[PDB]
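**Student:** Chains as they are written, first to last, in the authors' numbering: chain f, 25 to 102; chain b, 23 to 102; chain g, 14 to 118; chain c, 16 to 118; chain h, 29 to 121; chain d, 28 to 122; chain a, 38 to 134; chain e, 39 to 135. Right, I'll just put the structure down here and ask away after.
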Amino acid sequence: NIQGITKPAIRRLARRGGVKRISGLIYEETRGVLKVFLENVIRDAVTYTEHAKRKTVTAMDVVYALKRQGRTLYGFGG
Amino acid sequence: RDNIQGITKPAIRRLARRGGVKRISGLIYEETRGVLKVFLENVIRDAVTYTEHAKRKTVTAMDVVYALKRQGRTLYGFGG
Amino acid sequence: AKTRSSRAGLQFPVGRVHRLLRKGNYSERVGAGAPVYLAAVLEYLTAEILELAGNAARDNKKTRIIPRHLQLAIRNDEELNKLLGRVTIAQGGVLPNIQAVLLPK
Amino acid sequence: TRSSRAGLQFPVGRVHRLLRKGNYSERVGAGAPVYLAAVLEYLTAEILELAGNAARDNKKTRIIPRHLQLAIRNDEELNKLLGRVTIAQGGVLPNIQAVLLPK
Amino acid sequence: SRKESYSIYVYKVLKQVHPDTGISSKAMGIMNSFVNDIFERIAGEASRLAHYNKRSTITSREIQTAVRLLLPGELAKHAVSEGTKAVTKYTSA
Amino acid sequence: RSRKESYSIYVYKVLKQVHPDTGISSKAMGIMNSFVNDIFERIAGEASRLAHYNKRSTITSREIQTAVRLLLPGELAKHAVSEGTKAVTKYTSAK
Amino acid sequence: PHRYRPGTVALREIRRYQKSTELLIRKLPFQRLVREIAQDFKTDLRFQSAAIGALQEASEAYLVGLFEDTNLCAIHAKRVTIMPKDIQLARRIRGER
Amino acid sequence: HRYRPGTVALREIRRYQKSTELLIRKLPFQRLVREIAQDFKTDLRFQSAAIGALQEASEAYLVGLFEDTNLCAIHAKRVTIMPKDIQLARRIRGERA
DNA sequence: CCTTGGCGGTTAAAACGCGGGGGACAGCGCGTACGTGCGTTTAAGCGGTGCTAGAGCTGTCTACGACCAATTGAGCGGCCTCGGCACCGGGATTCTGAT
DNA sequence: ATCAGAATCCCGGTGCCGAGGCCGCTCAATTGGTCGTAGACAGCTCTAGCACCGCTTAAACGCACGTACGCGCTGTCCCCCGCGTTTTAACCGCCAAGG
């Protein structure tokens, strides 16, 4: 869930994100931003899957979805 | 000639004020000219390339709109 | 009634809409009723823009629409500005944006 | 294919069929598919030339997606090409800011 | 020749929305560009999604889901609601 | 059952030409396929736009030649244009 | 003849610029700048007035947006005056170098 | 023993910017994605490749956002980031209105 | 057959508590250029004005491209036994901090 | 300067799993021949654009008056990490199995 993400996950994300230290409110803000980004991608991906009238959300659906926002992801049949 | 520095100081001051700026540094104008040099370079190069495709030495108002649409700066009210 | 738009309760020409879809290298075939739906959607968008565009024009005691009012209407609304975030409208200017530190105490 | 007689590694006929499949235009000249194949081949050759040297840098022979990502991010024109396109298992080149370093 | 325009169509849209509000030629071109670029976006998405479906034709549900994906949520939903009535009226008549 | 098309051995042979003692992984073949297909998608879209904007139907070598100078930076685009023109001349002169 | 403290007429000028929509920059200097910029790529060119006006409008809009981002950065750093390092911060994050 | 503050964090930055290990584990991320997708349709199967693509895209974008946020925070002579820093980083690109 | 479901469990991933002492932050001093006014310079706004260029449009000739009809060999689907690095055993050398 | 306390990288042994080597394949690329429609050589044109040129009152360069914000200085507040010690879980290690 949104609250299931742990502190060291965001800490190591910041470590790969070039941030040496992040405050307490950064944990909540990062969870919110990650959740809204996930919903933004998932809306398009699930809508594409529904238009195909199929249950299993294929990986290629993200490539079709992230193409709309110009952030296409390679390696999944592009 | 020397038209890069020929842009009047209050014009860039007006542009800074339109960006909601109350105190404007003296180097802001120079930085604005320096950035706008490349900003115009890219778009004009794309437009001239579009014109050069069609054996044209004159830029039409449609080619600029086409280049802006490709780049992601589509302009309204000017056709295209 | 002869035009296909009369039978669909619209006024966009279905023939013109389908003409670009055919001679635009979009697909092998395009539907005939699909242009009706697309024209309905486009007309709804035009009416939606015109509502607040005319409201803004009337509020300034300038009945004739000027591009400044169009820009204000487009960028003031959340949905319209979200659609046209990277879009600049001719002779429209920019949104009045004054923060707290700019205004003197 | 016809790429052998044209001195090109990437076959041209696949490019021609790719152009035909998408219905991007009613007709395409003969020079466009060979030119497109040549451009794609040159770009792939440059990328693989960078990737092979990158693999040799770490005393290695195999290439994983990380090597390709680092090769793309090393150059500036290629980084401009892949400015806002994400690569799976790519990552980011290491970058440590100065003010973060202890004094 | 005869370049097709939306001038009379824009006139009628105003007469259906703001009959007493005037329009300038600049606003005419702005509205023309708006209709044109939204049309291009929807048509391009329809072409891409038709290529995704291994199909050579475009249906109505394809256009509805294109509107849902592209246009903003509330705006897209209202557009779909207004377009379904038009599709039903066209089909029945 | 459909047999798709990829750049599995194409990329491997090009890498062999540029680096004979250099391997590649299973994921990298698919990633290279996606990369080249995306580049081709951009190039085809630009060719269609150039043909339609100039009121044309046949996309000759010149449309792609101009689209490369837009897609690639001036110097890299110049190299790509030179290689493509060489390939076009070789194709036209040969059978 | 009287003088007010700084920050009085500056806000008046800001509101005057924002309220209106006409291009503040004079047409001729910017069109000559565009001519000089274009002369570097291809020589002996002719430029339509509408195209140059479109380029001017796009440049002004982009510069105003960049200056708004610069203002956001300046307020972020507990300041009001804008300096070029704000523009450097904004452009790299935007992705335009 | 107790090191000087900040050195361990930079060492972690250096070792993570060169490693290909997944920072976010698959199970909580998959459960959150499933719960988010269930707001519209229930029992939505997601592929392993689809989940991998989602986590890779999220990590790449959020790492870029942290880099921009660190740039903003450093630009204000600060190291630990703030929600104002995140707001500026997200607003600079143009995603935030 | 590519996806779903269940069932157990453990060291890597991570969770409460002491204490930090450098990092974050409020406030105080100080210097100089930026706000604000006008004096005076300016090539730009606006209007003529002469010329004219090359692209829009059209007559006209049409070359190679989509396609019919047919054809063949190599990249992909699928195998298989061996090698370049996965992975760890155990070692020397460079940092990081305390002194 | 001057010491250790552990941190992380390299050499070597183990080995293993997929990367390529390689065979069958079938369809996709090649291509003889055929007819065509925007493509293109060439011409008519014709007005918006190129370019110059003159007049003038609104905008800009200069510059003083001064003072407040950016930078510096002094001091103060305290907090996610570093670690210690403890926490409990994502995926390994297994199966069935179904839509």
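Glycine included, every Cβ here is placed at the ideal spot set by N, Cα and C.
So with Cβ pairs under 8 Å, would you call a/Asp-106 a contact of chain e?
**Tutor:** By 1-based counting over the seventh sequence, the position of residue 106 of chain a is 69. Cβ-Cβ to chain e under 8 Å: yes for a/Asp-106.
**Student:** Just how far apart, CA to CA, sit e/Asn-108 and c/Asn-94?
**Tutor:** As a first step, residue 108 of chain e is located in the eighth sequence; it is residue number 70 there, counting from the start. As a first step, residue 94 of chain c is located in the fourth sequence; it is residue number 79 there, counting from the start. Cα to Cα, e/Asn-108 sits roughly 21 Å from c/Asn-94.
**Student:** Decide if the region 79-90 of chain b is in contact with the region 63-70 of chain b; the criterion is three or more beta carbon pairs, one per stretch, under 8 Å apart.
**Tutor:** Yes: at least three Cβ pairs fall under 8 Å.
**Student:** Would you list the one or two residues that DSSP bridges to d/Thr-85?
**Tutor:** The residue labelled residue 85 of chain d in the question sits at position 58 within the sixth sequence. Bridge partners of d/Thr-85: c/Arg-42.
**Student:** Whose Cβ in chain e lies nearer than 7 Å to the Cβ of f/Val-43?
**Tutor:** For the purposes of this step, residue 43 of chain f is identified with residue 19 of the first sequence, where counting begins at 1. Chain e residues near f/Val-43: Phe-104, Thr-107, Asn-108 and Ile-119.
**Student:** With DSSP run on the structure shown, which of helix, strand or coil describes c/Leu-23?
**Tutor:** As a working note, residue 23 of chain c is residue 8 in the fourth sequence. Note: c/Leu-23 maps to coil in three-state DSSP.
**Student:** Measuring only between beta-carbons, confirm whether h/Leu-103 sits less than 8 Å from chain f.
**Tutor:** Start at 1 with the first residue of the fifth sequence, and residue 103 of chain h comes out as number 75. So no, h/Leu-103 is outside the interface.
**Student:** Is the distance from the Cβ of h/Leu-98 to the Cβ of h/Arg-76 below 8 Å?
**Tutor:** Here residue 98 of chain h refers to the residue found at position 70 of the fifth sequence. Here residue 76 of chain h refers to the residue found at position 48 of the fifth sequence. Not in contact: h/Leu-98 and h/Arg-76 (Cβ atoms no closer than 8 Å).
**Student:** Given 8 Å as the limit, is there contact between the region 48-64 of chain a and the region 29-37 of chain b, that is, 3 or more CB pairs closer than that?
**Tutor:** Output reads yes: the region 29-37 of chain b touches the region 48-64 of chain a.
**Student:** On a Cα-Cα basis, can you pick out the residue from g/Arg-99, g/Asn-89 and g/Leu-85 that is closest to g/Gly-105?
**Tutor:** As a working note, residue 105 of chain g is residue 92 in the third sequence. Of g/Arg-99, g/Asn-89 and g/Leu-85, the residue nearest in Cα terms is g/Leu-85.
**Student:** How long is the line joining the alpha carbons of e/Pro-121 and f/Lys-31, rounded to whole angstroms?
**Tutor:** Here residue 121 of chain e corresponds to residue number 83 of the eighth sequence, with the count starting at 1. Here residue 31 of chain f corresponds to residue number 7 of the first sequence, with the count starting at 1. Those two C-alpha atoms are separated by around 17 Å.
**Student:** Going residue by residue through the region 72-99 of chain f, where are the continuous alpha helix (DSSP H) segments of at least 4 residues, counting only ones entirely within it?
**Tutor:** Counting only runs of 4 or more, we get 84-90.
**Student:** Between the region 88-116 of chain g and chain e, which residues of the former have a C-beta closer than 8 Å to a C-beta of the latter?
**Tutor:** Answer in chain order: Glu-91, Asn-94, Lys-95, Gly-98 and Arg-99.
**Student:** Leaving out five residues on either side along the sequence, give the residues of the same chain with a beta carbon under 7 Å from the beta carbon of g/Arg-20.
**Tutor:** For the purposes of this step, residue 20 of chain g is taken as the residue at position 7 of the third sequence. Answer for g/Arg-20: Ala-14, listed in chain order.
**Student:** Cβ closer than 8 Å: which chain e residues qualify as neighbours of a/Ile-130?
**Tutor:** Counted from its first residue, the seventh sequence places residue 130 of chain a at position 93. The answer, in chain order, is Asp-106, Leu-109, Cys-110, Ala-127, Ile-130 and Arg-131.
**Student:** Is g/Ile-79 closer than 8 Å to h/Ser-84 when the C-beta atoms are compared?
**Tutor:** Counted from its first residue, the fifth sequence places residue 84 of chain h at position 56. Counted from its first residue, the third sequence places residue 79 of chain g at position 66. No.
**Student:** Using the beta-carbon of each residue, which ones in chain a are nearer than 7 Å to b/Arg-92?
**Tutor:** The count along the second sequence starts at 1 and reaches residue 92 of chain b at position 70. Correct list: empty, because the minimum Cβ distance to chain a is about 13 Å.
**Student:** The region 73-87 of chain a: which residues have C-beta closer than 9 Å to a C-beta of chain e, in chain order?
**Tutor:** Per Cβ criterion, the list is empty.
**Student:** Are the beta-carbon atoms of d/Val-45 and c/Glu-64 separated by less than 8 Å?
**Tutor:** By 1-based counting over the sixth sequence, the position of residue 45 of chain d is 18. By 1-based counting over the fourth sequence, the position of residue 64 of chain c is 49. Closer than 8 Å, so yes.
**Student:** In the DSSP output, which residue or residues are listed as bridge partners for a/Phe-84?
**Tutor:** Your numbering for residue 84 of chain a matches position 47 in the seventh sequence. Per DSSP, b/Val-81.
**Student:** Name the DSSP beta bridge partners of b/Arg-45, please?
**Tutor:** Residue 45 of chain b sits at position 23 when you count from the first residue of the second sequence. Beta-bridge pairing links b/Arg-45 to a/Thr-118.
**Student:** Let me know if e/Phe-78 comes out buried or exposed under the rule of 16 or more other beta-carbons within 10 Å of its beta-carbon.
**Tutor:** Residue numbering aside, residue 78 of chain e sits at position 40 when the eighth sequence is read from its first letter. So e/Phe-78 counts as exposed.
**Student:** Residues of the region 38-52 of chain d with a CB closer than 8 Å to any CB of chain c: list them in chain order, please.
**Tutor:** Residues passing the 8 Å Cβ filter: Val-38, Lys-40, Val-41, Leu-42, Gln-44, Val-45, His-46, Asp-48, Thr-49, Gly-50, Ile-51 and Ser-52.
**Student:** Does the beta carbon of c/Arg-35 sit closer than 8 Å to a beta carbon anywhere in chain d?
**Tutor:** The residue you call residue 35 of chain c lines up with position 20 of the fourth sequence. Judged by the 8 Å Cβ criterion, c/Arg-35 is not in contact with chain d.
**Student:** Spell out whether any CB of chain b is found under 8 Å from the CB atom of g/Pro-48.
**Tutor:** Working through the third sequence from its first residue, we reach residue 48 of chain g at position 35. Taking Cβ atoms only, chain b never reaches closer than 8 Å to g/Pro-48, which makes this a no.
**Student:** I need the straight-line Cα distance from d/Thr-116 to h/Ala-114, nearest angstrom please.
**Tutor:** Within the sixth sequence, numbered from 1, the residue matching residue 116 of chain d stands at position 89. Within the fifth sequence, numbered from 1, the residue matching residue 114 of chain h stands at position 86. Cα to Cα, d/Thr-116 sits roughly 55 Å from h/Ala-114.
**Student:** Cβ closer than 8 Å: which chain d residues qualify as neighbours of b/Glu-74?
**Tutor:** By one-based count along the second sequence, residue 74 of chain b stands at place 52. What b/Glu-74 touches in chain d: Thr-93.
**Student:** When the Cα atoms are used, what is the spatial distance from g/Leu-108 to g/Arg-88?
**Tutor:** Mapped onto the third sequence, residue 108 of chain g falls at position 95. Mapped onto the third sequence, residue 88 of chain g falls at position 75. Those two C-alpha atoms are separated by around 7 Å.
**Student:** May I ask you to list, following chain order, the residues of the region 69-87 of chain g that have a beta carbon less than 8 Å from some beta carbon of chain a?
**Tutor:** Those would be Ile-79, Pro-80, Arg-81 and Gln-84, in chain order.
**Student:** DSSP three-state call for g/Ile-87: helix, strand or coil?
**Tutor:** Position 74 of the third sequence, counted from the first residue, corresponds to residue 87 of chain g. Helix.
**Student:** Does any CB atom of chain c fall closer than 8 Å to the CB of e/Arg-52?
**Tutor:** Residue 52 of chain e sits at position 14 when you count from the first residue of the eighth sequence. Chain c, which has a Cβ nearer than 8 Å to the Cβ of e/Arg-52, makes this yes.
**Student:** Which residue from g/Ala-113, g/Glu-61, g/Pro-48 and g/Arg-42 puts its Cα closest to that of g/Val-27?
**Tutor:** Working through the third sequence from its first residue, we reach residue 27 of chain g at position 14. The residue with the shortest Cα to Cα distance from g/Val-27 is g/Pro-48.
**Student:** Per DSSP, what kind of secondary structure is residue 205 of chain c in: helix, strand or coil?
**Tutor:** Here chain c has residues from 16 to 118 only, and residue 205 of chain c is not among them.
**Student:** Hey, does a/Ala-95 have any beta-carbon neighbour from chain e nearer than 8 Å?
**Tutor:** Locating residue 95 of chain a in the seventh sequence gives position 58, where the first residue counts as 1. Chain e, which has no Cβ nearer than 8 Å to the Cβ of a/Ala-95, makes this no.
**Student:** Hey, does f/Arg-35 have any beta-carbon neighbour from chain c nearer than 8 Å?
**Tutor:** Against the first sequence, residue 35 of chain f aligns to sequence position 11. With 8 Å as the cut-off, f/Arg-35 does not count as an interface residue toward chain c.
**Student:** Can you give the Cα-Cα distance for a/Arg-72 and b/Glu-74, rounded to whole angstroms?
**Tutor:** Here residue 72 of chain a refers to the residue found at position 35 when the seventh sequence is read from its first residue. Here residue 74 of chain b refers to the residue found at position 52 when the second sequence is read from its first residue. One C-alpha to the other measures close to 17 Å.
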